[PDB]
Structure formats: C-alpha cells, structure tokens
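Residue numbers (the entry's author numbering), protein chains in the order written: chain R, 1 to 317; chain L, 88 to 356; chain V, 1 to 94; chain G, 411 to 463; chain W, 1 to 112; chain X, 64 to 215; chain P, 37 to 212.
Just so it is clear, CB atoms sit at the ideal spot from N, CA and C, and this is done for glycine as well.
Below is one structure, written out as structure tokens; comments come after it.
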Amino acid sequence: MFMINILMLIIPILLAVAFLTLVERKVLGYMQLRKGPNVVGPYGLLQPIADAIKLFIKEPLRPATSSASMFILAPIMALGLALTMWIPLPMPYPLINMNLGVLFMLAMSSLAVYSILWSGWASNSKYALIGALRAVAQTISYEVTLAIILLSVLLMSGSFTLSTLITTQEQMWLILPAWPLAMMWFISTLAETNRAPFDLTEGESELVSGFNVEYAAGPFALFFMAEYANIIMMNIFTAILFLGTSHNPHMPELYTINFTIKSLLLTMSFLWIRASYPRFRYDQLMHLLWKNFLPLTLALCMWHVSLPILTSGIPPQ
Amino acid sequence: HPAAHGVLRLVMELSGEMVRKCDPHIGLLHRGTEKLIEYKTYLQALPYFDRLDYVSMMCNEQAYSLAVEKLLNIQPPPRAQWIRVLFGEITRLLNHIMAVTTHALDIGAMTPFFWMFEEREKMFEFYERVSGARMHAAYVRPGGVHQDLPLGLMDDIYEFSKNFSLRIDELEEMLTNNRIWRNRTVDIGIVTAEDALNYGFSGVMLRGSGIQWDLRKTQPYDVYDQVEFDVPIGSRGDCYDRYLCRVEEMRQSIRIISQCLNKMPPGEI
Amino acid sequence: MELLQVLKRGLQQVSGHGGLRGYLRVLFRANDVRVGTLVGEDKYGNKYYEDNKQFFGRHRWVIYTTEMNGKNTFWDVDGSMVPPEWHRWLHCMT
Amino acid sequence: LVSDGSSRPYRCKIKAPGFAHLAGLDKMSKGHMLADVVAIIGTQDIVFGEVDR
Amino acid sequence: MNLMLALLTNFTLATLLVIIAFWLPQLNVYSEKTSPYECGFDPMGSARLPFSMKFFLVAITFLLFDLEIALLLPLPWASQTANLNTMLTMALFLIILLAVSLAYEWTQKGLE
Amino acid sequence: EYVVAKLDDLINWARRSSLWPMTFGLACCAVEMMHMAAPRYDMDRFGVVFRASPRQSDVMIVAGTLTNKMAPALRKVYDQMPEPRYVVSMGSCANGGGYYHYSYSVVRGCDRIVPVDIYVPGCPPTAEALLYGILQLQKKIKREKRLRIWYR
Amino acid sequence: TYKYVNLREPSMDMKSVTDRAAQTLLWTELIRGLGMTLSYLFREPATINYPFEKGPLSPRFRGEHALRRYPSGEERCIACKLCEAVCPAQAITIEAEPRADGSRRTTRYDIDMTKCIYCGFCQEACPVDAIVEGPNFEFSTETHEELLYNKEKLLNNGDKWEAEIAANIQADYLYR
Ligand SMILES: CCCCCCCCCCCCCCCCCC(=O)OC[C@H](COP(=O)(O)OCCN)OC(=O)CCCCCCCCCCCCCCCCC
Ligand SMILES: CCCCCCCCCCCCCCCCCC(=O)OC[C@H](COP(=O)(O)OCCN)OC(=O)CCCCCCCCCCCCCCCCC
Ligand code: SF4
Ligand code: SF4
Ligand code: SF4
C-alpha cells in the first residue's frame with residue numbers, strides 16, 4: 001500500500017491550493033473593509049468548486065502564430081516539479097528518507113525557470129518575448145542570495161539530512177542565533193517565487209505584461225494552480241528549518257497539529273505584504289541584490305565558519 | 088489596459104532600455120465638442136462643460152457662469168458667492184483624492200485606493216441632497232445657484248469635515264516616510280527651467296517647482312478675498328515635491344471650508 | 001476570556017431564532033443571518049425588518065418570500081418586486 | 411467666448427491643461443527608464459475629454 | 001524500488017490533465033475563427049529580437065559566482081576532520097577570492 | 064431526459080458563478096463604475112471578481128463613448144474573447160450616444176459594432192442600477208445546451 | 037503667502053545618524069509603518085447587501101420618467117411645447133391635434149431613454165406641473181427597440197405609482 005500513500009498526498013493538497021484562492025481574497029478583503037464572497041457559499045466555502053468547472057468548459061484556443069511542441073510541454077514541467085518537490089519533506093515522517101535532500105530542494109527549485117524561458121519563447125512576440133527574458137534574469141540572481149545563506153545554517157546543523165534539522169532544534173527555535181540570515185531568507189523566497197512587491201513576473205508587471213498573457217483557461221488553469229503550489233511549499237520549508245517544532249515518537253499525532261498551524265501563519269504574510277507595498281521598478285529590484293543583499297551574506301558566511309571552531313562547539317556527524 | 092483605462096496610444100522608440108523618444112496620439116475621444124455649442128443657447132449648452140472634465144463638477148460651470156456674467160454686467164448676489172466657495176473648495180477634496188490614489192495604483196499599492204473611496208462615498212451623498220443627482224449636477228447657472236439647499240447640510244458637513252484630518256493622516260504614514268515609494272519617486276522627471284514656463288504650464292508642475300504664483304490671491308473671483316490660507320510651494324523640482332502640494336493643499340482646503348461655514352449671509356440666491 | 005463573555009449573547013442569537021430549521025433557511029441565500037430588532041407590517045408575508053438604529057445604510061433590510069406574480073420558489077429575486085410605497089422608505093428618502 | 415449678440419453664441423474655445431502638461435512630457439522623459447514613464451504621467455493628473463481643448 | 005514510481009505517477013497524472021483540458025475540447029464543433037487575430041496588442045511587430053548588452057552580462061556574472069559555491073559546498077563535511085588550522089584558513093580564502101571579484105567588477109556594473 | 068437536462072443545472076450554474084469583466088473605461092461612466100469596486104456597493108465577492116486580461120475574460124462591459132478612432136480597436140478586442148462571451152453596455156452613450164449623437168465623430172450607438180445583451184440607461188447609472196443590470200444578466204442564464212443535442 | 041515643504045537638511049551629527057542607521061538596516065520603519073496601519077482590519081466592514089438592503093437617496097433624485105394626472109383623471113399635460121424646446125439633447129417628440137371635446141392634448145409623445153441626458157430641464161420648464169423625473173432607477177431592458185418610450189407607456193409608468201411621486205413633490209416645491 002505504498003501506491004495508496006502517494007495518491008493520499010497529491011489529492012488532499014489540490015484542495016489546499018483551491019481553498020487558498022478563496023482565503024486569498026477574504027483576508028485581502030477585510031483589509032479594505034469589505035466582506036468575503038457573500039452570496040454563493042453560503043460563507044464563500046463552495047466558491048472554488050464552481051470557479052474550477054468554468055475554466056474547463058471555456059474554449060482553449062491555441063495562438064495561430066505559435067509553435068507546437070514547446071507550448072504544450074511547459075505546463076507538463078510546471079506541475080511536475082511543483083508536486084515532485086513535496087516528496088522528501090518530513091511531517092514528522094517523510095515519504096522518502098533521502099540521505100541528502102536539502103540539496104535536492106535546490107535540485108528542484110532550479111529547473112522551474114526553464115519553463116518560463118520556454119513559454120515566453122514558445123508562443124509569441126514582445127509582450128512575452130523580451131518581457132519574459134527579464135523574468136528569467138531576476139530568478140537566477142536570487143539563488144546566490146539563497147544558496148549561501150541556506151549553507152550558512154548547515155554549518156550549525158551538522159549534515160545534509162532533514163531528520164537532524166529537527167533534532168538540533170529541540171530547545172532553541174533557531175531563528176534566534178541567526179536572525180540576520182532569517183531576514184534575507186524571507187525576501188529571497190518573496191522574490192524568487194514571483195510575488196507581490198518584486199513583481200515583474202505575473203500581472204503587476206508593467207501591469208499588462210506576463211507569462212499568463214496568452215494562455216486561455218484550458219492550459220492557464222494549471223499555471224496558476226501549479227504556481228500556488230510553490231508558495232505553500234517554501235512556507236512548509238521555512239518552518240522545518242528555522243521555526244522547528246518538537247517531535248515525540250510515542251505521540252506523532254500532536255506533531256502535525258502543532259505544525260500545520262505554523263506554515264499557515266507564514267503563508268498569511270505573502271497575502272499580508274501585497275496589501276501594503278508598491279513595486280520595485282526593475283533596476284532597483286536587482287540594484288539591491290549585488291550592491292546591498294550580497295556582501296552581508298558573505299560576511300555572515302565567514303562568521304558562521306569561525307564561530308563553531310572558536311567556541312569548540314562542532315556539530316556532530 | 089488601465090493606463091487611463093483604455094485611451095492614450097503612444098509610440099516609444101526606446102533607446103535600448105531608456106526611451107529617449109516618445110510621441111503620443113490623442114483624438115480617441117474627440118466627440119465634436121466646439122462645433123456643437125454653436126447650435127445651442129447659453130443655458131441649454133451648459134451641461135457640456137460639466138462633462139468636459141470628469142471629476143471636477145462644480146469647478147467647471149464656475150468658469151462658464153463667471154465668463155457670462157462678465158458679458159452681461161451682472162454680479163451674483165452675496166449668498167450666491169458663499170455657496171460657490173463651499174462647493175468650489177469641496178471639489179478640491181475630490182480631484183486630489185483621485186490624483187494621489189490612481190497614481191499609487193499604477194505604481195501598485197492596493198489599499199489607499201480602497202481606503203479613500205470607501206470614505207469618498209460620504210461626499211457624493213452631498214451632491215444628491217442639494218442638486219438632485221449623483222455626479223453631473225446642472226446646478227450653477229449664469230445668475231448664481233439654481234435653488235436653495237435643504238434644511239440640514241450644516242450638521243452634516245460639520246460632522247464630516249471635523250473628521251477628515253485623520254483620514255489624511257493615514258496617507259502620511261502610507262506614503263511619505265515610506266521608503267519604497269520614496270525610492271519610486273525622487274529626482275524623477277525634473278523639468279524645472281524656464282523651459283518649464285516657456286511651455287506655458289499652469290499650476291502644480293509649476294509652484295511645486297519654484298515659481299510661487301496662483302490666480303486665487305493675485306486675481307479675485309468672488310467674495311473669495313475674505314478668506315485666509317497659504318499656498319504650498321516645493322523646494323526641488325521633481326515628482327515627490329509636486330506630490331507634496333496635493334497632500335498639503337487638502338489640509339488647506341479644510342481651512343477654507345471651516346472659514347466658510349461661519350460667514351454665509353442669509354438672503355436670496 | 002472573551003470566548004464566553006460575548007458568545008453568551010450570540011448563543012441566544014444564533015440558536016434560539018427559529019430552532020434548527022429557521023436558522024439555515026436564511027443562511028442559504030446570503031450571509032444575512034442577523035435577526036433584526038423591530039418588524040414592518042406590510043405587506044404579504046414579507047416583514048421588512050427595521051434594525052435597532054445601530055447601523056446606517058444596512059439598517060433597513062427587507063426579505064422576499066415566494067412567487068409575487070409568476071416567479072420561481074425562492075431562487076429568483078431581482079429586487080424590483082417591492083411595492084411602490086417602500087420606495088419612500090427603503091431608500092431612506094423619508 | 412465670442413458672443414455675436416443673439417441667443418446662440420459664436421465660437422467657444424476652451425483652454426484646459428493636457429496641452430501644456432503633456433506636450434512637456436517629451437522633454438521630461440528622456441534619459442530615464444521605461445518604468446519611469448508610468449511614474450511620470452500620474453503627477454500631471456491627466457483626465458481625458460479635457461484634452462478636447 | 002519506489003523512486004522511480006514515486007515520480008512516474010506524478011508525471012503521468014500531470015500529462016493526463018493537460019490533454020484532457022487542452023486537446024479534448026480542441027475537437028469541439030464551434031465556428032473557430034482561425035484568422036491571424038490571435039496575437040494581442042502587438043499586431044504585426046515586423047522586427048527581429050534585438051541584442052541588449054546590459055542583459056547579457058547578467059548571465060555570465062552569475063555563472064562565475066555559481067562555480068565556487070560548489071567548492072564552498074563541502075564545508076559542513078569539512079568539520080569532523082584532522083588538522084583544522086588548514087581547514088579554517090583555506091575556507092576563508094575562497095570567500096575573499098569571491099569577494100575581490102565583486103569589487104573589481106563593482107567599479108563598473110551598468111544599468112543592470 | 065432527466066439525466067441530460069440535469070447536467071445543465073451545473074454548467075449553466077458554473078458559467079454564472081464567476082464572471083470576469085473586461086471594462087472599457089473611456090469617459091465619465093468609468094468613475095461611477097469604480098465606486099462599485101469601492102467597498103460600499105462592493106462588486107467583487109458578490110460572485111464577480113473585477114478586471115482581468117483580454118484573453119481570460121467572459122463578459123465585457125462597454126462604457127464611455129465610442130468615436131471613430133476606437134471603433135476598430137473595439138472589434139479586434141471582441142474577437143479574442145472566448146465562445147461563451149457576453150456584452151453589456153452601460154452608460155447612455157453606448158445606447159445611441161447620449162448627446163454627441165449628432166456630431167460627426169461618434170459611432171452612433173455601439174450596437175452597430177458588436178451584439179450587446181443588456182442595455183443599462185442613465186448618464187452615469189448610479190452603480191445601484193448596475194448591480195440590478197448584472198442581476199438581470201444572471202437571470203438571462205436559464206438557457207440549456209441539453210435539449211439541443213438531445214432533441215435534434 | 038508661502039509654505040516650504042521638504043526644505044530641511046539632515047542634522048548630520050554623531051547621535052542622529054545611528055537614529056537613521058537603525059532605520060535602513062534594522063527596519064524601524066516599514067513594520068511600525070505598515071505592519072500595524074493595515075491591521076487595523078478589526079473594524080466592521082460597510083457593505084450594502086444589495087438584493088435586500090438598499091442605499092440612501094434624496095427626495096430630489098432623477099430617474100425614470102412619468103406623466104401625472106389630476107384628481108379624477110385629466111392627463112395633466114396640455115401640449116404647450118416647452119419640455120421639448122429645452123431638452124438639450126432633443127429627445128422629446130410631441131405632435132398635438134385639437135381633440136374632439138375642444139381642449140387640446142397630445143397624440144404622440146416620445147422620449148428616448150438613450151438620448152436622455154438626465155437634466156431636469158423638462159421637470160422645471162413645465163407650467164402645468166406634469167412631466168416629472170420619477171424616483172426609480174429600475175431599468176436594464178435587453179433590446180434597443182424597447183427603450184424608446186411612447187405616450188401610453190409613460191402613463192402606465194406614471195400610474196404604477198403616484199403615492200411615491202406626490203410624497204416627493206410636496207416636500208420639495210417650497211424651494212422652487
Ligand atoms: C513528459 C513526460 C516524459 C518524461 C517523464 C520522465 C520525467 C522524469 C523527471 C524526474 C527528474 C527527477 C530526477 C531527480 C534525480 C535525483 C534523485 C535522487 O537523488 O534521489 C536521492 C537518492 C540519493 O541516494 P541516497 O539519498 O543516498 O539513498 C539513501 C540510501 N541510504 O537517490 C535514490 O534514492 C535512488 C537513486 C536511484 C533511483 C533511480 C534513478 C533516479 C532517476 C530516474 C529517472 C532518470 C531521470 C530522467 C531524466 C530527468 C529529466 C528531467
Ligand atoms: C559585532 C557583533 C556582530 C554584529 C552583528 C550585527 C547584526 C546586524 C544585522 C544586519 C543585517 C541584516 C539586515 C539586512 C539588511 C537590510 C537589507 C538592506 O540593506 O536594504 C537596503 C535598502 C536600500 O535602500 P536604502 O539604502 O535605504 O536607500 C533608499 C533611501 N532613500 O533599503 C531598504 O530598507 C529595503 C527594505 C527591504 C526591501 C524589501 C521590502 C519589501 C517588504 C519586505 C518586508 C519583510 C518583513 C520581514 C520579513 C519576515 C521576517 C520574519
Ligand atoms: S454622457 Fe453619460 S456615459 Fe457619456 S461621458 Fe457623460 S456621463 Fe459618461
Ligand atoms: S408637460 Fe408641460 S411642457 Fe410637457 S407637453 Fe405637457 S404642458 Fe407641454
Ligand atoms: S432629462 Fe433633460 S434631456 Fe432628458 S428628456 Fe428631460 S429635459 Fe430632455
């Protein structure tokens with residue numbers, strides 16, 4: 001019954017991306033002083049099952065001046081790596097016990113930009129031709145802001161597995177000994193996964209130009225779908241790394257209860273940022289990576305090399 | 088789409104990344120206006136000045152009625168002048184709500200649009216109670232105001248206008264000491280020379296950059312000399328310090344309203 | 001300790017208004033679930049409630065019932081069904 | 411407002427902004443980015459139908 | 001032997017929903033105007049993709065900063081070791097060797 | 064049968080559960096639509112989210128005033144919309160053109176370009192007689208695609 | 037007179053630079069700024085629940101048209117041709133005839149509801165106080181062939197209520 005476990009993980013998470021689109025706007029609504037989806041629910045709660053069927057009735061045109069084998073291959077690789085990344089992730093037991101899987105996250109988070117380079121090219125001209133070339137350019141630069149300060153906690157964890165990442169945090173909630181790194185951990189995933197303040201990707205992006213600009217609601221229904229699957233997955237990855245919960249072997253039930261409550265709270269912030277701050281005007285977006293983000297990340301890197309040595313506090317492996 | 092919601096087609100031969108050449112095209116809404124007023128009378132062709140802006144309602148028809156009273160040799164009566172100021176300085180809390188919100192929606196801030204229009208609907212109420220209608224009111228005539236305002240509006244402007252300075256105390260904390268919006272707007276579009284007067288500019292994108300002058304206290308309109316207020320100026324010559332006129336004029340328009348409730352003589356209209 | 005300090009008011013508000021059937025029957029049309037304070041008299045069975053003067057704009061809410069002059073059961077409400085006397089009242093015009 | 415002397419007027423030429431405020435964008439825009447250009451236009455408070463001057 | 005049947009499920013469920021959403025109502029019986037109106041708001045656009053220098057240097061610069069994090073990658077494995085004065089003083093070298101490559105290029109970036 | 068005509072109690076309910084309007088804000092009836100997206104008579108979350116892109120929209124809402132120099136740019140945008148498309152014209156200038164019905168530079172009516180479903184009259188209709196306009200559009204959806212393939 | 041805004045130099049000493057270098061680096065703005073001003077969600081939302089609740093209006097409101105009539109009926113119109121001479125948009129189209137009794141009346145009366153620009157110039161030009169902009173925005177028909185009004189629509193539309201209209205005009209004729 002291994003095969004019944006995989007389907008027990010793909011299917012209960014497509015609701016949690018469909019029941020996030022509804023909480024996308026109720027939370028964003030009470031900031032504007034207005035109620036949620038009022039009339040169809042009764043409380044809203046039945047909105048996405050009606051808002052899903054309309055997309056698969058509405059005619060999925062292909063553009064006449066488009067290519068063929070590239071345009072319908074990027075949504076295959078969209079949902080592939082958006083759902084494959086959920087595998088090696090402990091809660092409290094992962095589906096797969098990888099020896100080194102923290103690196104496998106970057107082995108999965110690297111290839112997502114190789115679909116945007118397809119879809120911007122595969123269909124058509126200037127509103128996604130050059131306008132998607134400068135969306136690959138922002139997402140490549142925020143790995144070296146990411147991969148360094150992901151390594152900067154592993155000097156304190158001890159190894160590459162994720163079971164040690166819960167063992168080392170039984171008494172600490174490790175956001176305290178590394179709180180400068182925890183800041184730039186947030187803004188990276190806030191800009192890499194193509195969200196609201198650093199937003200030259202989706203729809204705020206000259207407010208007209210996106211990679212969604214050409215997909216009718218047949219193939220478009222996944223792009224949005226798949227994408228919303230990253231944003232609840234960097235949140236499930238931050239809260240297993242910094243803000244780690246407590247594991248008890250005799251009681252694994254109380255792990256997940258105290259766990260899903262925490263990833264939901266960080267997921268609120270991606271909604272709660274969008275209702276405050278304006279955009280970044282593509283220069284100043286990348287003007288603060290090199291000049292401003294990056295030299296501090298090397299500074300704390302040299303700090304986290306020497307401090308396990310000159311404390312005589314080497315982590316065991 | 089909405090760079091002004093579907094108008095203004097412009098061509099840009101952009102020099103690599105910079106623009107260096109920009110030449111727009113108007114005429115997508117032309118309608119034949121000035122041809123068509125020749126075939127009407129004076130009173131009958133008045134509601135095509137109200138539709139000549141969008142959002143100024145009583146500020147237009149203030150400059151048509153005043154341009155026909157001159158030709159007639161007639162002044163308006165004294166109560167008809169303290170009505171026009173109570174409206175002509177309440178549309179300056181509508182044209183400045185829009186210029187500080189839809190600007191900051193094109194940039195991308197969501198809420199101060201919604202945070203102000205929820206409050207703005209307390210003020211399209213006030214047109215309906217006096218004229219009869221929602222936006223375009225045919226109210227001002229070339230002989231003063233049409234008809235008298237009902238029993239009320241002085242316990243309802245006063246409840247409103249005593250509580251507007253907190254709502255304008257929210258945008259100061261949204262925008263002014265904000266860093267990202269200051270970064271989006273400093274030293275951008277600095278046209279400040281006497282080519283910024285050779286082009287024949289009117290106010291702000293003048294006085295917000297240098298030259299102190301406006302036609303409200305160097306010429307008269309009305310009984311409008313009998314109020315006291317100051318005219319905000321800008322220091323440097325960019326957008327962030329012609330932004331700050333529009334935030335600061337809205338505080339000074341509350342002063343000209345509170346000075347107008349005390350002074351209205353009873354009489355004719 | 002506000003979890004029971006103010007739910008005690010809402011316990012009689014939610015539950016004891018029409019029992020088990022009279023609560024969810026108004027819930028399936030909208031989230032308009034608050035029982036109003038006063039009543040109207042007119043006309044058919046549509047008691048246009050008027051609230052406890054604790055609102056403005058949402059203080060004069062009406063209810064529709066069934067089939068004015070050839071309509072469906074409850075799933076067609078267009079809003080133009082009102083008598084031409086409540087236009088003087090529903091719109092707060094006097 | 412040229413008036414001839416009877417009930418229907420002669421020419422009525424309107425002066426409004428947008429002729430000054432937008433002829434002076436081509437000077438104002440050169441040197442900056444493209445995403446600076448949408449930042450420029452909002453401060454003039456352009457309302458169309460008033461470019462019908 | 002499930003790793004490898006841990007993903008071929010996930011891709012055959014992925015390619016399932018594509019052809020059912022796209023290709024199945026692509027055989028429907030509507031009028032389906034095939035006229036060249038399918039491109040939006042950039043009608044003709046009779047030009048080739050022009051070169052942009054400031055968007056090439058962003059590609060190469062990343063690539064040379066990407067290499068020596070893989071040298072920097074086995075630092076946690078370089079902890080449980082022998083002689084460690086060597087291990088510390090060599091680990092500090094590469095970061096400075098990455099840092100100087102900033103400061104030379106930092107005197108000329110351009111509008112990136 | 065009872066099997067097939069029951070299925071259009073879902074598809075003709077799914078098609079009226081979430082409309083995605085394009086709008087053409089051109090003239091004064093743009094602003095009196097924006098107050099409906101303002102949270103007093105809040106347009107969104109009574110079923111119908113506000114504006115999207117031309118490739119994704121169901122039901123467009125013409126407003127303002129259609130001159131000669133906007134007449135081809137309307138019809139081009141109407142083509143890209145999908146098959147279950149609907150057209151609502153608000154404003155008294157997309158009904159026969161307000162005034163400027165007699166001046167040279169106005170397309171006299173906006174039905175002469177596209178087929179339009181629900182006419183809403185009034186210089187600016189008060190965003191109150193526009194929710195009543197769209198609640199007439201949802202009542203229009205009582206059609207069925209069943210009993211078409213099942214009759215003929 | 038004057039007022040100068042954004043005309044002030046920084047202090048530029050040893051103390052207040054740390055006050056500004058705590059801002060840029062550790063974000064004493066941007067959380068105290070807008071992590072608190074936004075939430076502030078705890079107010080009651082103000083949404084008119086539209087099919088049941090409706091919004092406020094005023095007794096001089098403009099809307100659908102009507103033609104009143106006297107106590108026991110006379111069709112208050114007298115075809116005096118003024119409501120058609122000051123429509124700015126030339127909507128009204130009147131064609132009278134001497135009716136057989138001797139008093140003159142209309143035969144055809146036509147108001148477009150599309151050229152109607154909603155002045156209130158018909159409402160106030162009438163001497164015999166007949167044609168009244170009635171207070172009901174109920175509209176939204178589906179055909180352009182329909183919004184053209186005849187005479188015998190307006191009377192039906194003007195006798196669906198007069199309890200509505202005559203409560204309005206009695207309140208408001210004292211000003212005009
Ligand atoms: C459009 C449809 C057509 C395309 C359909 C096919 C698409 C497939 C794309 C999937 C790409 C995923 C590739 C990821 C490779 C990384 C796998 C991995 O590293 O697993 C970790 C583990 C490492 O070993 P270890 O951790 O030490 O095990 C514990 C021992 N105590 O390793 C293991 O546990 C076992 C290692 C051997 C398992 C078999 C080999 C794995 C790769 C098989 C697929 C080959 C890749 C196909 C090409 C990829 C194209 C993107
Ligand atoms: C000797 C002992 C050892 C000493 C150890 C001392 C530890 C010190 C730790 C300091 C390092 C951590 C701080 C990280 C640096 C902050 C990043 C930065 O430098 O931003 C600079 C940015 C540039 O703009 P600026 O310089 O201000 O110029 C414009 C002024 N007109 O200006 C900015 O402020 C930009 C602000 C961020 C931009 C994105 C904002 C979008 C919203 C993000 C909200 C995120 C909220 C928090 C994230 C979640 C936290 C859990
Ligand atoms: S006539 Fe009506 S639609 Fe046209 S601009 Fe005026 S208010 Fe807007
Ligand atoms: S209402 Fe007055 S103006 Fe109109 S037709 Fe009758 S008498 Fe003439
Ligand atoms: S409201 Fe004005 S334009 Fe319309 S019919 Fe009456 S007078 Fe004519």
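Other residues of its chain near residue i: CB distance less than 6 angstroms, five sequence neighbours each side excluded
{"i": "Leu173/L", "result": "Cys347"}
{"i": "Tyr327/L", "result": "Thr272 and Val273"}
Contacts that residue i makes with chain R (C-beta to C-beta distance below 7 angstroms)
{"i": "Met438/G", "result": "Within 7 angstroms Cβ-Cβ: nothing; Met438/G doesn't reach chain R, min ~17 angstroms."}
Rounded straight-line distance, which links the Cα of residue j to that of residue i
{"i": "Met241/L", "j": "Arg216/L", "result": "12 angstroms"}
{"i": "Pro147/X", "j": "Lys132/X", "result": "27 angstroms"}
{"i": "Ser205/R", "j": "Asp199/R", "result": "6 angstroms"}
{"i": "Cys92/V", "j": "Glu89/P", "result": "11 angstroms"}
{"i": "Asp235/L", "j": "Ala121/P", "result": "25 angstroms"}
{"i": "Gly459/G", "j": "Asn182/L", "result": "15 angstroms"}
{"i": "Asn158/X", "j": "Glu182/P", "result": "11 angstroms"}
Residue i, DSSP secondary structure in three states
{"i": "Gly70/V", "result": "coil"}
{"i": "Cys109/L", "result": "strand"}
{"i": "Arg135/P", "result": "coil"}
{"i": "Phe242/R", "result": "coil"}
{"i": "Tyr141/X", "result": "helix"}
Closer than 7 angstroms at the beta carbon, the chain G residues around residue i
{"i": "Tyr114/R", "result": "What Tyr114/R touches in chain G: nothing, since even the nearest Cβ is about 26 angstroms away."}
{"i": "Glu176/L", "result": "None at all; the shortest Cβ gap to chain G is about 17 angstroms."}
Residues near residue i in its chain [Cβ-Cβ closer than 7 angstroms; skip 5 each side]
{"i": "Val39/V", "result": "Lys47 and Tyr49"}
{"i": "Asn147/L", "result": "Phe136, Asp137, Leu139 and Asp140"}
{"i": "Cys119/P", "result": "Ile128, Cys158, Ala161, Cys162 and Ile167"}
{"i": "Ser120/X", "result": "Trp83, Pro84, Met85 and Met144"}
Amino acids of chain W, ordered along the chain, whose beta-carbon sits closer than 7 angstroms to that of residue i
{"i": "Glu146/X", "result": "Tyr30"}
{"i": "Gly103/L", "result": "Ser52"}
{"i": "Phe2/R", "result": "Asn2"}
{"i": "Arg206/X", "result": "Near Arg206/X there are no residues of chain W at all, since even the closest Cβ is about 16 angstroms away, more than 7 angstroms."}
Proximal chain X residues relative to residue i, where beta-carbon distance stays under 7 angstroms
{"i": "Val142/L", "result": "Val94"}
Under 9 angstroms by beta carbon: chain L residues contacting residue i
{"i": "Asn172/P", "result": "Near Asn172/P there are no residues of chain L at all, since even the closest Cβ is about 14 angstroms away, more than 9 angstroms."}
{"i": "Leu89/X", "result": "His92, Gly93, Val94, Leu115 and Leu116"}
Listed by chain order, chain P residues near residue i by CB distance under 9 angstroms
{"i": "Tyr43/R", "result": "Neighbours of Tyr43/R on chain P: none; closest Cβ ~14 angstroms, over 9 angstroms."}
{"i": "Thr37/V", "result": "Those within 9 angstroms of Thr37/V in chain P number zero; the least Cβ separation is about 15 angstroms."}
Proximal residues of chain V, C-beta to C-beta of residue i below 8 angstroms
{"i": "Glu200/P", "result": "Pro84, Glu85, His87 and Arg88"}
Closer than 8 angstroms at the beta carbon, the chain X residues around residue i
{"i": "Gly40/W", "result": "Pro117, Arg118 and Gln143"}
Under 8 angstroms by beta carbon: chain P residues contacting residue i
{"i": "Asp42/V", "result": "In chain order: nothing, as chain P lies at least about 12 angstroms away."}
9 angstroms Cβ cut-off: residues of chain V touching residue i
{"i": "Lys35/R", "result": "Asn31"}
*Note down, in chain order, all residues in the segment 182-198 of chain X with a beta-carbon under 9 angstroms from any beta-carbon belonging to chain V.*
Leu194, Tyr195 and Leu198
*If you measure beta-carbon to beta-carbon, which residues of the segment 76-99 of chain P are closer than 8 angstroms to chain V?*
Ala82, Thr83, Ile84, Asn85, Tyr86, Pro87, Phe88, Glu89, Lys90, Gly91, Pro92, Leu93, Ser94, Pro95 and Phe97
_Residues of the segment 56-69 of chain W whose Cβ lies closer than 7 angstroms to any Cβ of chain R, in chain order_ = Cβ contacts with chain R: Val58, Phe62, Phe65, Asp66 and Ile69.
*With 9 angstroms as the limit, tell me which residues of the segment 57-87 of chain V have their beta carbon closer than that to any beta carbon of chain X; keep them in chain order.*
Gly57, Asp76, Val77, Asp78, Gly79 and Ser80
*Along the segment 104-136 of chain X, what residues have a CB closer than 9 angstroms to any CB found in chain W?*
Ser116, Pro117 and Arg118
*Positions along the segment 219-251 of chain L whose CB lies within less than 9 angstroms of some CB in chain X*: For chain X, the residues of the segment 219-251 of chain L that bring a beta carbon within less than 9 angstroms of one of its beta carbons are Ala220, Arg221, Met222 and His223, in chain order.
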